[PDB]
Each structure stands twice: as structure tokens, then as C-alpha cells.
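Pasted below: model-v1.json, JSON, C-alpha atoms.
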[["chain", "number", "residue", "atom", "x", "y", "z"],
["A", 150, "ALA", "CA", -51.70, -135.72, -149.16],
["A", 151, "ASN", "CA", -54.41, -138.41, -149.31],
["A", 152, "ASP", "CA", -57.81, -139.28, -147.89],
["A", 153, "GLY", "CA", -57.27, -139.90, -144.18],
["A", 154, "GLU", "CA", -53.92, -138.29, -143.33],
["A", 155, "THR", "CA", -54.96, -135.71, -140.75],
["A", 156, "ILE", "CA", -54.05, -134.55, -137.23],
["A", 157, "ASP", "CA", -56.47, -134.74, -134.29],
["A", 158, "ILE", "CA", -57.14, -131.61, -132.21],
["A", 159, "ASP", "CA", -59.15, -132.07, -128.99],
["A", 160, "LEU", "CA", -61.28, -129.48, -127.18],
["A", 161, "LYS", "CA", -62.86, -129.58, -123.73],
["A", 162, "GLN", "CA", -65.66, -127.49, -122.28],
["A", 163, "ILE", "CA", -64.51, -125.05, -119.60],
["A", 164, "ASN", "CA", -66.77, -123.34, -117.07],
["A", 165, "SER", "CA", -67.31, -122.87, -113.35],
["A", 166, "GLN", "CA", -69.21, -126.16, -113.25],
["A", 167, "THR", "CA", -66.75, -128.27, -115.24],
["A", 168, "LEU", "CA", -64.02, -126.86, -112.99],
["A", 169, "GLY", "CA", -66.18, -127.57, -109.94],
["A", 170, "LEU", "CA", -65.69, -124.07, -108.51],
["A", 171, "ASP", "CA", -69.35, -123.19, -109.09],
["A", 172, "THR", "CA", -69.94, -124.38, -105.51],
["A", 173, "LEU", "CA", -67.26, -122.14, -103.97],
["A", 174, "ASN", "CA", -68.47, -119.95, -101.11],
["A", 175, "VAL", "CA", -66.49, -118.43, -98.24],
["A", 176, "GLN", "CA", -69.29, -117.11, -96.03],
["A", 177, "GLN", "CA", -70.06, -118.26, -92.49],
["A", 178, "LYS", "CA", -73.51, -118.40, -90.94],
["A", 179, "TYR", "CA", -74.41, -115.43, -88.75],
["A", 180, "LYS", "CA", -76.13, -115.82, -85.41],
["A", 181, "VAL", "CA", -79.84, -115.36, -86.09],
["A", 182, "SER", "CA", -81.89, -113.10, -83.81],
["A", 183, "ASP", "CA", -85.36, -111.60, -84.06],
["A", 184, "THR", "CA", -88.28, -110.08, -82.16],
["A", 185, "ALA", "CA", -92.04, -110.56, -82.28],
["A", 186, "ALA", "CA", -93.76, -108.54, -85.00],
["A", 187, "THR", "CA", -96.64, -106.15, -84.31],
["A", 188, "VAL", "CA", -99.18, -106.88, -87.05],
["A", 189, "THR", "CA", -100.80, -103.48, -87.51],
["A", 190, "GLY", "CA", -104.42, -102.74, -88.28],
["A", 191, "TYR", "CA", -106.38, -104.03, -91.25],
["A", 192, "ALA", "CA", -106.30, -104.32, -95.03],
["A", 193, "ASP", "CA", -109.15, -104.32, -97.53],
["A", 194, "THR", "CA", -110.02, -107.44, -99.53],
["A", 195, "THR", "CA", -112.04, -108.36, -102.62],
["A", 196, "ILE", "CA", -114.84, -109.75, -100.42],
["A", 197, "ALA", "CA", -117.74, -107.48, -101.37],
["A", 198, "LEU", "CA", -120.02, -106.17, -98.63],
["B", 100, "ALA", "CA", -33.36, -137.29, -114.82],
["B", 101, "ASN", "CA", -33.28, -134.23, -112.55],
["B", 102, "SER", "CA", -34.17, -134.86, -108.92],
["B", 103, "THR", "CA", -35.61, -131.32, -109.09],
["B", 104, "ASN", "CA", -38.70, -132.76, -110.82],
["B", 105, "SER", "CA", -41.86, -134.14, -109.26],
["B", 106, "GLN", "CA", -43.30, -137.43, -110.48],
["B", 107, "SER", "CA", -46.21, -135.49, -111.95],
["B", 108, "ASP", "CA", -43.57, -133.61, -113.94],
["B", 109, "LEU", "CA", -42.12, -136.96, -115.05],
["B", 110, "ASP", "CA", -45.51, -137.91, -116.46],
["B", 111, "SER", "CA", -45.86, -134.45, -117.99],
["B", 112, "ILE", "CA", -42.57, -134.83, -119.87],
["B", 113, "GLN", "CA", -43.62, -138.34, -120.90],
["B", 114, "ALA", "CA", -46.47, -136.59, -122.70],
["B", 115, "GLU", "CA", -44.15, -134.63, -125.00],
["B", 116, "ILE", "CA", -41.89, -137.65, -125.47],
["B", 117, "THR", "CA", -44.89, -139.61, -126.73],
["B", 118, "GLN", "CA", -45.92, -136.70, -128.97],
["B", 119, "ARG", "CA", -42.45, -136.72, -130.55],
["B", 120, "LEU", "CA", -42.72, -140.46, -131.13],
["B", 121, "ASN", "CA", -46.17, -140.08, -132.69],
["B", 122, "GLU", "CA", -45.05, -137.38, -135.10],
["B", 123, "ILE", "CA", -41.96, -139.36, -136.09],
["B", 124, "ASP", "CA", -44.12, -142.38, -136.88],
["B", 125, "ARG", "CA", -46.60, -140.21, -138.78],
["B", 126, "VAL", "CA", -43.87, -138.78, -140.99],
["B", 127, "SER", "CA", -42.45, -142.26, -141.51],
["B", 128, "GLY", "CA", -45.78, -143.58, -142.72],
["B", 129, "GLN", "CA", -46.97, -140.61, -144.75],
["B", 130, "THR", "CA", -43.82, -139.57, -146.62],
["B", 131, "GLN", "CA", -43.83, -140.92, -150.16],
["B", 132, "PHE", "CA", -42.35, -140.27, -153.61],
["B", 133, "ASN", "CA", -44.27, -141.45, -156.68],
["B", 134, "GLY", "CA", -45.89, -144.28, -154.76],
["B", 135, "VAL", "CA", -42.72, -145.29, -152.91],
["B", 136, "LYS", "CA", -42.62, -145.34, -149.11],
["B", 137, "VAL", "CA", -38.96, -144.41, -148.80],
["B", 138, "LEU", "CA", -38.99, -145.01, -145.02],
["B", 139, "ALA", "CA", -41.48, -147.88, -144.67],
["B", 140, "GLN", "CA", -39.22, -150.85, -145.48],
["B", 141, "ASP", "CA", -35.67, -151.96, -146.24],
["B", 142, "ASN", "CA", -35.41, -151.72, -150.01],
["B", 143, "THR", "CA", -32.96, -151.59, -152.90],
["B", 144, "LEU", "CA", -33.85, -149.55, -155.98],
["B", 145, "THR", "CA", -31.81, -150.02, -159.15],
["B", 146, "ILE", "CA", -31.44, -147.11, -161.58],
["B", 147, "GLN", "CA", -30.66, -148.00, -165.19],
["B", 148, "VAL", "CA", -27.75, -145.75, -166.15],
["B", 149, "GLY", "CA", -26.33, -147.54, -169.19]]

Hey, can you dump this file as C-alpha cells for me?
Amino acid sequence: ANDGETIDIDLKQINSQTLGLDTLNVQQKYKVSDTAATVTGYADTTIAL
Amino acid sequence: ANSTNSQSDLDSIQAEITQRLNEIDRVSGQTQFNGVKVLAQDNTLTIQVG
């Protein structure tokens, strides 16, 4: 009824970060394999003849 | 008092207990009639009826 007679509501930011789940991942590293690459032929450049 | 409560639940219920206390105190302070805090002190008010 008078100046300064209120009730205090509080609010908090919510997101993947503030909940810490932004860093959640369930994957597992595969075994990495490869083979030598055959670099084929040529390609033109801007170097004028 | 239930043993079927975890201590975290004890604290949780403490929260609402404290909220009840806060609201009771707020009403106590803020209720008023014509500039009289009917709950703020121990008072005697005489009404002239003669």
C-alpha cells in the first residue's frame, strides 16, 4: 500500500552452457587408417607465359 | 520427520518453511488501519462510548 512494500521475484538464465551440458558428447574415436594419395597431373596458374 | 526423506529433501522443505515465516512477518509488518499497526506491538486502544 506504500512506497517500498513489494515482493521479490528472481530469474536465472537457462541454457546448455549454464547447465554445463553444452560439452556433452557420447562419441568414441575411430581407428584412423589411410593410404598414400596419387597426386594427378597438373593445374593451370595465374603465372603468365 | 519421515525417515522416507533424504537430507536434501529436509533442506528443500526448510525452504518452504522459511517462505511461510517470511510471508507471516511481511503481513505482520504491512497490515495497518488508519495509521495503526494492529499487529506490531502490544497495545490498548480506548473507545469513548459515553

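The space separating CA of residue 129 in chain B from CA of residue 151 in chain A comes to 9.0 Å.
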
Counting only C-alpha atoms, which residues in chain A sit no more than 10 Å from chain B? For each one, give the nearest pair of atoms and the distance in Å, sorted by chain then residue number, as a Markdown table.
| residue | atom | partner | partner_atom | distance |
| --- | --- | --- | --- | --- |
| A:150 | CA | B:129 | CA | 8.1 |
| A:151 | CA | B:129 | CA | 9.0 |
| A:154 | CA | B:129 | CA | 7.5 |
| A:155 | CA | B:125 | CA | 9.7 |
| A:156 | CA | B:125 | CA | 9.5 |

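The gap separating CA of residue 115 in chain B from CA of residue 167 in chain A is 25.4 Å, in Å to one decimal.
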
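Put simply, CA of residue 118 in chain B is 12.0 Å away from CA of residue 157 in chain A.
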